[PDB]
Every structure is written in C-alpha cells, then in structure tokens.
$ cat query05.cif   # mmCIF, C-alpha atoms and all ligand atoms
data_structure
loop_
_atom_site.label_atom_id
_atom_site.label_comp_id
_atom_site.auth_asym_id
_atom_site.auth_seq_id
_atom_site.Cartn_x
_atom_site.Cartn_y
_atom_site.Cartn_z
CA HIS A 1 82.78 96.52 72.75
CA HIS A 2 86.04 97.63 71.13
CA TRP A 3 86.47 101.29 70.15
CA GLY A 4 85.44 102.25 66.64
CA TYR A 5 83.60 104.95 64.74
CA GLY A 6 79.99 103.89 65.28
CA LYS A 7 77.23 105.58 67.28
CA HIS A 8 77.91 103.45 70.35
CA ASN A 9 81.71 103.11 70.19
CA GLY A 10 82.75 106.19 68.24
CA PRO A 11 84.82 109.32 69.08
CA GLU A 12 82.28 110.60 71.62
CA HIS A 13 82.67 107.37 73.61
CA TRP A 14 86.46 107.05 73.57
CA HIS A 15 87.00 109.13 76.72
CA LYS A 16 85.56 106.36 78.89
CA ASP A 17 88.37 103.90 78.13
CA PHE A 18 90.84 106.64 77.21
CA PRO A 19 90.39 109.66 79.55
CA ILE A 20 93.16 111.54 77.75
CA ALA A 21 90.54 112.01 75.00
CA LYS A 22 89.63 115.25 76.81
CA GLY A 23 93.27 116.23 77.26
CA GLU A 24 95.17 119.46 76.68
CA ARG A 25 96.76 118.58 73.34
CA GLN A 26 94.35 116.36 71.44
CA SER A 27 94.17 115.92 67.67
CA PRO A 28 92.88 116.64 65.13
CA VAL A 29 92.06 120.34 65.24
CA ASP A 30 90.62 122.95 62.91
CA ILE A 31 93.38 125.01 61.35
CA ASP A 32 92.32 128.65 61.32
CA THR A 33 94.51 129.95 58.49
CA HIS A 34 94.18 133.56 59.59
CA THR A 35 95.15 132.90 63.22
CA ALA A 36 98.07 130.61 62.36
CA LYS A 37 101.30 132.58 62.58
CA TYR A 38 104.21 132.40 60.16
CA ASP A 39 107.29 131.26 62.06
CA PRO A 40 110.66 132.28 60.54
CA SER A 41 112.43 130.07 63.08
CA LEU A 42 111.11 127.00 61.27
CA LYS A 43 113.90 125.25 59.38
CA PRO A 44 113.21 123.71 55.96
CA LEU A 45 111.19 120.48 56.12
CA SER A 46 113.13 117.43 54.95
CA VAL A 47 111.36 114.35 53.61
CA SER A 48 113.79 111.63 52.50
CA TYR A 49 111.85 108.60 51.28
CA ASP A 50 114.22 107.40 48.53
CA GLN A 51 115.23 104.27 50.47
CA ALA A 52 111.82 103.56 52.00
CA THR A 53 111.02 99.85 52.06
CA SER A 54 107.44 98.70 52.60
CA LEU A 55 106.68 95.24 53.99
CA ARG A 56 102.94 94.81 53.69
CA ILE A 57 99.46 96.25 54.08
CA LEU A 58 96.99 95.39 56.85
CA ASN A 59 93.27 95.89 57.48
CA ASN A 60 93.20 96.59 61.23
CA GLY A 61 89.44 96.81 61.58
CA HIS A 62 89.15 100.59 61.34
CA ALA A 63 91.45 101.45 58.41
CA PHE A 64 94.51 99.98 56.69
CA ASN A 65 98.20 100.41 57.44
CA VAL A 66 100.99 100.24 54.88
CA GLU A 67 103.94 99.16 57.04
CA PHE A 68 107.61 99.81 56.45
CA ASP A 69 110.82 98.17 57.58
CA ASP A 70 112.08 100.69 60.16
CA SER A 71 114.96 98.55 61.44
CA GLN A 72 117.44 100.67 59.49
CA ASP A 73 118.06 104.37 58.95
CA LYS A 74 115.76 104.82 55.95
CA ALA A 75 112.73 106.98 55.11
CA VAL A 76 113.44 109.89 57.43
CA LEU A 77 111.56 113.08 58.25
CA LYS A 78 113.47 115.97 59.80
CA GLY A 79 113.84 119.74 59.72
CA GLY A 80 110.84 122.02 60.04
CA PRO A 81 109.77 122.14 63.72
CA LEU A 82 111.58 118.89 64.44
CA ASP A 83 114.72 118.33 66.47
CA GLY A 84 116.61 115.23 65.41
CA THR A 85 115.38 112.56 63.03
CA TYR A 86 112.08 110.71 62.79
CA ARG A 87 111.84 107.36 61.00
CA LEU A 88 108.87 106.28 58.89
CA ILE A 89 107.03 103.26 60.27
CA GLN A 90 103.68 103.27 58.45
CA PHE A 91 101.05 105.32 56.69
CA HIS A 92 97.28 105.08 56.57
CA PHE A 93 94.26 107.17 55.63
CA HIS A 94 91.02 108.44 57.13
CA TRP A 95 88.11 108.92 54.74
CA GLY A 96 84.40 109.54 54.53
CA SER A 97 81.24 107.93 53.21
CA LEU A 98 80.86 111.01 51.00
CA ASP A 99 83.34 113.33 49.25
CA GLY A 100 82.24 116.18 51.51
CA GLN A 101 83.84 114.65 54.61
CA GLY A 102 86.62 112.32 55.67
CA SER A 103 89.58 114.40 56.79
CA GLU A 104 90.42 114.76 60.48
CA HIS A 105 92.08 118.15 60.37
CA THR A 106 90.00 120.88 58.79
CA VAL A 107 91.10 124.17 57.23
CA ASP A 108 88.89 127.11 58.17
CA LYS A 109 86.34 124.39 58.95
CA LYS A 110 86.68 122.89 55.46
CA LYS A 111 86.59 119.08 55.42
CA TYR A 112 88.51 117.23 52.71
CA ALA A 113 87.51 113.86 51.23
CA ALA A 114 90.26 112.07 53.13
CA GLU A 115 93.57 112.51 54.93
CA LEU A 116 96.86 110.64 54.61
CA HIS A 117 99.02 110.18 57.69
CA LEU A 118 102.67 109.18 57.39
CA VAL A 119 103.75 108.18 60.89
CA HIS A 120 107.36 108.58 62.06
CA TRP A 121 109.04 107.94 65.40
CA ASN A 122 111.88 109.90 67.00
CA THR A 123 115.03 107.80 66.66
CA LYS A 124 116.41 109.00 69.99
CA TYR A 125 113.86 106.75 71.69
CA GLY A 126 114.98 103.51 70.05
CA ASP A 127 111.64 102.35 68.70
CA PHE A 128 107.98 103.22 68.25
CA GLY A 129 106.75 101.66 71.48
CA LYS A 130 109.00 103.81 73.64
CA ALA A 131 108.56 106.87 71.44
CA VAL A 132 104.79 107.13 71.98
CA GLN A 133 105.43 107.54 75.71
CA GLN A 134 107.27 110.81 75.03
CA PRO A 135 105.95 114.34 74.32
CA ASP A 136 108.09 114.56 71.17
CA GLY A 137 108.05 110.87 70.31
CA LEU A 138 106.24 111.03 66.98
CA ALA A 139 105.97 113.24 63.93
CA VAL A 140 103.01 112.66 61.65
CA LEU A 141 102.98 114.22 58.20
CA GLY A 142 99.36 114.87 57.25
CA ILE A 143 98.25 115.34 53.66
CA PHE A 144 94.74 116.20 52.50
CA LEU A 145 93.03 114.35 49.66
CA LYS A 146 90.47 115.97 47.39
CA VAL A 147 88.50 114.27 44.62
CA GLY A 148 89.49 115.21 41.09
CA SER A 149 92.33 113.89 38.96
CA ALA A 150 93.65 110.44 39.81
CA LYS A 151 96.87 110.06 41.80
CA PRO A 152 98.95 107.50 39.86
CA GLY A 153 101.18 106.78 42.84
CA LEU A 154 98.16 105.68 44.88
CA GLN A 155 96.86 103.09 42.42
CA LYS A 156 99.06 100.26 43.68
CA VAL A 157 97.50 100.78 47.11
CA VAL A 158 94.00 100.91 45.64
CA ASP A 159 94.43 97.69 43.66
CA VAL A 160 95.57 95.62 46.65
CA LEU A 161 92.58 96.52 48.86
CA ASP A 162 90.53 93.72 47.29
CA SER A 163 92.84 91.24 49.04
CA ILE A 164 92.35 92.76 52.51
CA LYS A 165 88.64 93.57 52.48
CA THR A 166 87.98 92.37 56.03
CA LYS A 167 89.41 92.98 59.51
CA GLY A 168 92.55 90.99 60.23
CA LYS A 169 93.59 90.44 56.62
CA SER A 170 97.07 91.44 55.46
CA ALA A 171 99.05 91.05 52.25
CA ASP A 172 102.63 91.42 51.03
CA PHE A 173 103.21 94.99 49.95
CA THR A 174 106.82 95.59 48.98
CA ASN A 175 108.57 98.20 46.88
CA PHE A 176 105.85 100.81 47.34
CA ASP A 177 107.33 104.31 47.04
CA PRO A 178 105.58 106.84 49.32
CA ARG A 179 107.12 109.71 47.34
CA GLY A 180 104.31 109.25 44.82
CA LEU A 181 101.78 110.41 47.42
CA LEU A 182 103.38 113.80 48.10
CA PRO A 183 102.11 117.11 46.72
CA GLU A 184 104.42 119.60 44.99
CA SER A 185 104.73 122.04 47.88
CA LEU A 186 105.91 121.24 51.39
CA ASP A 187 104.33 124.39 52.86
CA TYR A 188 102.83 123.31 56.17
CA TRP A 189 101.13 124.12 59.46
CA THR A 190 102.47 122.55 62.66
CA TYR A 191 101.32 122.16 66.25
CA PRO A 192 101.73 119.78 69.23
CA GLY A 193 99.05 117.11 69.34
CA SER A 194 98.18 113.46 69.78
CA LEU A 195 97.31 110.22 68.08
CA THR A 196 93.85 110.66 66.58
CA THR A 197 92.89 107.06 67.42
CA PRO A 198 92.97 105.37 70.80
CA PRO A 199 95.17 105.33 72.87
CA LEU A 200 95.17 109.02 71.86
CA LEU A 201 98.62 109.54 73.39
CA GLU A 202 99.84 113.15 73.35
CA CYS A 203 103.18 112.36 71.74
CA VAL A 204 102.77 113.87 68.28
CA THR A 205 104.26 116.85 66.50
CA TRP A 206 101.79 117.37 63.68
CA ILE A 207 102.97 118.65 60.32
CA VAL A 208 99.98 119.21 58.01
CA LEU A 209 100.71 120.15 54.42
CA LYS A 210 98.73 123.02 52.94
CA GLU A 211 98.58 121.56 49.44
CA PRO A 212 96.21 118.61 49.04
CA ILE A 213 96.81 115.81 46.58
CA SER A 214 94.08 114.92 44.12
CA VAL A 215 92.73 111.39 43.88
CA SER A 216 89.98 110.18 41.57
CA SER A 217 86.44 109.37 42.63
CA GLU A 218 87.12 105.79 41.56
CA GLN A 219 90.14 105.57 43.85
CA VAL A 220 88.36 106.82 46.97
CA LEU A 221 85.31 104.72 46.08
CA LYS A 222 87.50 101.63 46.38
CA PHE A 223 88.59 102.76 49.86
CA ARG A 224 84.88 102.70 50.73
CA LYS A 225 84.56 99.08 49.63
CA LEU A 226 86.67 97.90 52.56
CA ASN A 227 84.99 96.31 55.60
CA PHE A 228 85.13 97.14 59.34
CA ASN A 229 84.05 93.58 60.07
CA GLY A 230 86.04 90.39 59.65
CA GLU A 231 85.65 87.70 56.99
CA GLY A 232 82.31 85.92 57.18
CA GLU A 233 80.69 88.63 59.30
CA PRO A 234 77.82 91.04 58.47
CA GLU A 235 79.21 93.68 56.15
CA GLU A 236 79.89 97.09 57.65
CA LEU A 237 81.47 99.34 55.05
CA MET A 238 84.69 100.98 56.21
CA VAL A 239 83.77 104.65 55.90
CA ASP A 240 83.93 107.74 58.12
CA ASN A 241 86.87 106.50 60.18
CA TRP A 242 87.79 110.05 61.13
CA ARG A 243 87.83 111.80 64.48
CA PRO A 244 86.32 115.33 64.46
CA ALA A 245 88.22 118.51 65.33
CA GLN A 246 89.10 118.80 69.03
CA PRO A 247 89.55 121.88 71.27
CA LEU A 248 92.74 123.78 70.44
CA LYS A 249 93.04 124.87 74.07
CA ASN A 250 96.43 126.37 75.00
CA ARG A 251 98.06 125.86 71.60
CA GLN A 252 99.24 127.96 68.68
CA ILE A 253 99.41 126.64 65.13
CA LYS A 254 102.52 127.81 63.29
CA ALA A 255 102.82 128.22 59.52
CA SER A 256 105.99 127.57 57.53
CA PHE A 257 104.88 130.10 54.93
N1 LIG B 301 99.35 103.46 65.17
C1 LIG B 301 98.90 104.73 64.83
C2 LIG B 301 99.74 105.83 65.08
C3 LIG B 301 99.33 107.14 64.76
CL1 LIG B 301 100.37 108.43 65.08
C4 LIG B 301 98.06 107.36 64.18
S1 LIG B 301 97.46 108.98 63.73
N2 LIG B 301 95.98 108.87 63.21
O1 LIG B 301 97.45 109.79 64.91
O2 LIG B 301 98.28 109.39 62.62
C5 LIG B 301 97.21 106.27 63.92
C6 LIG B 301 97.63 104.97 64.25
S2 LIG B 301 96.54 103.63 63.90
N3 LIG B 301 95.97 103.08 65.27
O3 LIG B 301 95.44 104.13 63.15
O4 LIG B 301 97.36 102.61 63.32
ZN ZN B 302 95.71 108.82 61.24
#

$ encode --input "query05.cif" --output "structure tokens"
Amino acid sequence: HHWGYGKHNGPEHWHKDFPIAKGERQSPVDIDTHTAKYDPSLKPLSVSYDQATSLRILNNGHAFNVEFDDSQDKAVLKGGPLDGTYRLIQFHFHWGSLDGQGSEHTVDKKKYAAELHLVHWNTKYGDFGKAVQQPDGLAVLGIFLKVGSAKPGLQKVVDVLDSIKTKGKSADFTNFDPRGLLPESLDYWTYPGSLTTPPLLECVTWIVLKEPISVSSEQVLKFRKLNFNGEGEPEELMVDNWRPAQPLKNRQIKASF
C-alpha cells in the first residue's frame, strides 16, 4: 500500500506514514498575491543552466524525473532569497486530468494546468541525500504551465514519454537544455516549505515564478497518457499527481517584485 494520489493512498492519507505531513512548513500553499510582501532585500535571482547535462528520464510510478549529472559544478541556482549555491539534480511536473487543475501551488486560489519543479541542492551539504536533512538544503524553482501555445523546448520531453509509459521504465535523455522551459520574467514569490511528495521533508526554499509558460493541449495530453502502474498491469492513467494547498501557518510569502 505505497503512497500515491488515489482515494485510499493519496495526500489525505500521507500523514499516517509521514507525520510531518501536518507540519509547520508544508508545501504547496496558496499564494495570496495581495498579502505577499515585496522584499527589497531580495538579491537578483540567478539561473545558470548553460552547462546543464541531463542523463535520462524515469517513470517513478507517480510522475517522471529528468535527471542531471550533478557531480560537477554545473546548472546552478543562486541569488534571490538564497545563500550560497544550489545545484540542479532533476526536474519533474505535476499535472491534472483536466486543464482546470494540476498545479500544486495556487495563485489567489487559481489552479494552473500543471507545474514544473526544478530541484536543486545546497552545495555546502555535499550531496542531495544530506541536503534534504537540512532546513535550507534544497531550492525548488516552480513554474506554472497553462494550456495555449506550444512550448518548443518541451517537445523533446513529450516525445520520449512513449518509451517510459509504465512505472519503473527509464530511457537515455542526454543534451536536454532546461533553459527552453523558462518564462521570460524571473519575477517570483518565495517562502520556506517542504517536499510536496513523501517524505515531505521541510528542507525547501520555494521560488515560484509569477509568469507561467504556455504548453499546447497536445503536449499536456501526452503527459496524461503515462501510467501509474507498471508494464503488464491494469492501466491507471498518470493524472492528478498534485498535492493540494497546505496551511500557511506561521509563514510569510515574499515577492521579488
Ligand atoms: N525527489 C523529489 C524532490 C523534490 Cl524537492 C520534489 S518537489 N515536488 O517537492 O519538488 C519531488 C521529488 S519526487 N519524489 O517527486 O522525485
Ligand atoms: Zn514536485
């Protein structure tokens, strides 16, 4: 009875195996644009993905991860609310069964069709495993996806999904440039949170971009063709793999604009 997004193993059940699910800094959260405060102390956000080197893509049973070689100082996120440098390790998405839902963070309660998460770990902790055990171990750059014009830079990801339809399947995925998934503006909201999937560790500094990227209906439809189940098992379409907004509690969301 592994965790998932179904009625019997979904978000409302996670607290049993992962008590921190009801913690003080859980993610995602609803971003109230009028309550968020502009913070002039925020330094410019720096996204340096020029030397990013992807290794492959994997269907982990709940979504898919595009993994990067993080053994060297490449693909770094810094500046903004961050102290030091965070290295890119992987990115994945959360999406819905319908265009009207799919994102984890919401803006004034608005749900986007999907949400992209570029995960980075604080280099002062040596690696990802040690980083997640620290309050400032990770920095996740979140980007909303809305349905409209196609996103050319996402097509290579979309076309490879056919080869990893079921849980456990992976495929070589090199030379993918994550810069093609970024919107024009780097304006963002930031707050201290957690992983949105079990183990739900509260080790994340969230940086959510205000500007969404547009992807075509055809592109997101292919995301929905993936399977939660493994090869040869009853088909369970991989959709609605998003956790709903959690209590903000004692936290303030800061705006870079
Ligand atoms: N490993 C991992 C790390 C982070 Cl930080 C996040 S998220 N959703 O908090 O960005 C999700 C995952 S997972 N289990 O989906 O691969
Ligand atoms: Zn995520």

$ closest_atom_pairs --input "query05.cif" --of "segment 82-187 of chain A" --to "segment 62-77 of chain A" --cutoff "10 Å" --atoms "all atoms listed in the file" --output "CSV"
residue,atom,partner,partner_atom,distance
A:82,CA,A:77,CA,8.5
A:84,CA,A:77,CA,9.0
A:85,CA,A:77,CA,6.1
A:86,CA,A:77,CA,5.1
A:87,CA,A:76,CA,4.7
A:88,CA,A:75,CA,5.4
A:89,CA,A:68,CA,5.2
A:90,CA,A:67,CA,4.4
A:91,CA,A:66,CA,5.4
A:92,CA,A:65,CA,4.8
A:93,CA,A:63,CA,7.0
A:94,CA,A:63,CA,7.1
A:95,CA,A:63,CA,9.0
A:117,CA,A:65,CA,9.8
A:118,CA,A:66,CA,9.4
A:119,CA,A:77,CA,9.6
A:120,CA,A:77,CA,7.2
A:121,CA,A:77,CA,9.2
A:122,CA,A:77,CA,9.3
A:123,CA,A:73,CA,9.0
A:126,CA,A:71,CA,9.9
A:127,CA,A:70,CA,8.7
A:128,CA,A:70,CA,9.4
A:139,CA,A:77,CA,8.0
A:140,CA,A:77,CA,9.2
A:141,CA,A:77,CA,8.7
A:157,CA,A:66,CA,8.5
A:161,CA,A:64,CA,8.8
A:164,CA,A:64,CA,8.6
A:165,CA,A:64,CA,9.7
A:166,CA,A:62,CA,9.9
A:167,CA,A:62,CA,7.8
A:168,CA,A:64,CA,9.9
A:169,CA,A:64,CA,9.6
A:170,CA,A:64,CA,9.0
A:171,CA,A:66,CA,9.8
A:172,CA,A:66,CA,9.8
A:173,CA,A:66,CA,7.5
A:174,CA,A:68,CA,8.6
A:175,CA,A:68,CA,9.8
A:176,CA,A:66,CA,9.0
A:178,CA,A:75,CA,9.2
A:179,CA,A:75,CA,10.0

$ closest_residue --input "query05.cif" --among "A:202, A:99, A:142, A:177" --to "residue 219 of chain A" --atoms "all atoms listed in the file"
A:99

$ residues_around --input "query05.cif" --residues "segment 195-198 of chain A" --least-positions-apart "3" --cutoff "10 Å" --atoms "only C-alpha atoms" --output "MDAnalysis selection string"
chainID A and resid 3:5 11 14:15 17:18 20:21 25:29 62 104:105 119 132 138 140 201:206 241:246

$ axis_aligned_box --input "query05.cif" --around "segment 121-131 of chain A" --padding-each-side "3 Å" --output "AutoDock Vina command-line options"
--center_x 111.6 --center_y 105.8 --center_z 69.5 --size_x 15.7 --size_y 14.2 --size_z 14.2

$ atom_distance --input "query05.cif" --atom1 "atom CA of residue 255 of chain A" --atom2 "atom CA of residue 194 of chain A"
18.6 Å

$ atom_distance --input "query05.cif" --atom1 "atom CA of residue 115 of chain A" --atom2 "atom CA of residue 101 of chain A"
10.0 Å

$ atom_distance --input "query05.cif" --atom1 "atom CA of residue 199 of chain A" --atom2 "atom CA of residue 124 of chain A"
21.7 Å

$ closest_residue --input "query05.cif" --among "A:186, A:98, A:200, A:154" --to "ligand LIG 301 (chain B)" --atoms "all atoms listed in the file"
A:200

$ decode --input "query05.cif" --residues "segment 55-156 of chain A" --atoms "C-alpha atoms" --output "CSV table (one decimal), in the first residue's frame"
chain,number,residue,atom,x,y,z
A,55,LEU,CA,21.4,11.8,-18.1
A,56,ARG,CA,18.0,10.2,-18.6
A,57,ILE,CA,14.3,10.3,-17.8
A,58,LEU,CA,12.5,7.9,-15.4
A,59,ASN,CA,8.8,7.0,-14.7
A,60,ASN,CA,8.9,6.6,-10.9
A,61,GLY,CA,5.3,5.5,-10.6
A,62,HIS,CA,3.8,8.9,-9.7
A,63,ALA,CA,5.4,11.2,-12.3
A,64,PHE,CA,8.6,11.3,-14.3
A,65,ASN,CA,12.0,12.7,-13.4
A,66,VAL,CA,14.5,14.2,-15.9
A,67,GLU,CA,17.8,13.6,-14.1
A,68,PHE,CA,21.0,15.6,-14.5
A,69,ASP,CA,24.7,14.9,-13.8
A,70,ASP,CA,25.3,16.8,-10.6
A,71,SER,CA,28.8,15.5,-9.9
A,72,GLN,CA,30.3,18.8,-11.2
A,73,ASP,CA,29.6,22.5,-10.7
A,74,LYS,CA,27.1,22.9,-13.4
A,75,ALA,CA,23.4,24.1,-13.7
A,76,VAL,CA,23.4,26.4,-10.6
A,77,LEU,CA,20.6,28.4,-9.0
A,78,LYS,CA,21.6,31.2,-6.6
A,79,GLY,CA,20.8,34.8,-5.7
A,80,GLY,CA,17.2,35.8,-4.7
A,81,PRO,CA,16.5,34.5,-1.2
A,82,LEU,CA,19.3,32.0,-1.4
A,83,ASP,CA,22.6,32.0,0.4
A,84,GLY,CA,25.3,30.1,-1.4
A,85,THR,CA,24.8,27.9,-4.5
A,86,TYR,CA,22.3,25.2,-5.3
A,87,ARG,CA,23.0,22.6,-7.9
A,88,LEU,CA,20.3,21.2,-10.3
A,89,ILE,CA,19.7,17.5,-9.8
A,90,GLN,CA,16.4,16.9,-11.6
A,91,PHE,CA,13.1,18.3,-12.8
A,92,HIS,CA,9.6,16.9,-13.0
A,93,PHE,CA,6.0,18.0,-13.3
A,94,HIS,CA,2.7,17.7,-11.6
A,95,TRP,CA,-0.4,17.8,-13.8
A,96,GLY,CA,-4.2,17.2,-13.8
A,97,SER,CA,-6.7,15.1,-15.6
A,98,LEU,CA,-8.3,18.3,-16.8
A,99,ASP,CA,-6.8,21.7,-17.8
A,100,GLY,CA,-8.6,23.3,-14.9
A,101,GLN,CA,-6.3,21.6,-12.3
A,102,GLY,CA,-2.9,20.1,-11.9
A,103,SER,CA,-0.6,22.7,-10.2
A,104,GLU,CA,0.3,22.3,-6.6
A,105,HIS,CA,0.8,26.0,-5.7
A,106,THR,CA,-2.2,28.2,-6.5
A,107,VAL,CA,-2.3,31.9,-7.1
A,108,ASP,CA,-5.3,33.6,-5.4
A,109,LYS,CA,-6.7,30.1,-5.4
A,110,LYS,CA,-6.2,29.8,-9.2
A,111,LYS,CA,-5.1,26.3,-10.3
A,112,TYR,CA,-2.9,26.0,-13.4
A,113,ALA,CA,-2.9,23.0,-15.7
A,114,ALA,CA,0.4,21.8,-14.4
A,115,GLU,CA,3.6,22.8,-12.5
A,116,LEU,CA,7.3,22.3,-13.3
A,117,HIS,CA,9.7,21.8,-10.4
A,118,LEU,CA,13.4,22.2,-11.0
A,119,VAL,CA,15.1,20.7,-7.9
A,120,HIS,CA,18.4,21.9,-6.6
A,121,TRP,CA,20.5,21.0,-3.6
A,122,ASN,CA,22.7,23.3,-1.5
A,123,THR,CA,26.3,22.5,-2.3
A,124,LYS,CA,27.5,23.2,1.2
A,125,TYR,CA,26.0,19.8,2.2
A,126,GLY,CA,27.9,17.7,-0.3
A,127,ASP,CA,25.0,15.9,-1.9
A,128,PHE,CA,21.3,15.6,-2.2
A,129,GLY,CA,20.9,12.9,0.5
A,130,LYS,CA,22.5,15.0,3.2
A,131,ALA,CA,20.9,18.3,1.9
A,132,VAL,CA,17.3,17.1,2.5
A,133,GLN,CA,18.1,16.7,6.2
A,134,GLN,CA,18.7,20.4,6.5
A,135,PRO,CA,16.3,23.4,6.8
A,136,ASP,CA,18.0,25.1,3.8
A,137,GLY,CA,19.0,22.0,2.0
A,138,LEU,CA,17.0,22.4,-1.2
A,139,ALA,CA,15.8,25.2,-3.5
A,140,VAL,CA,13.0,24.3,-5.9
A,141,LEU,CA,12.2,26.6,-8.8
A,142,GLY,CA,8.5,26.2,-9.6
A,143,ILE,CA,7.0,27.3,-12.9
A,144,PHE,CA,3.3,27.2,-13.8
A,145,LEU,CA,2.0,25.7,-17.1
A,146,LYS,CA,-1.1,26.9,-18.8
A,147,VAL,CA,-2.6,25.5,-22.0
A,148,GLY,CA,-2.3,27.6,-25.1
A,149,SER,CA,0.6,27.9,-27.5
A,150,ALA,CA,3.1,25.0,-27.6
A,151,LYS,CA,6.4,25.2,-25.8
A,152,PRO,CA,9.0,24.1,-28.3
A,153,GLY,CA,11.6,23.4,-25.6
A,154,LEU,CA,9.3,20.9,-24.0
A,155,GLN,CA,8.7,18.7,-27.1
A,156,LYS,CA,11.8,16.6,-26.7
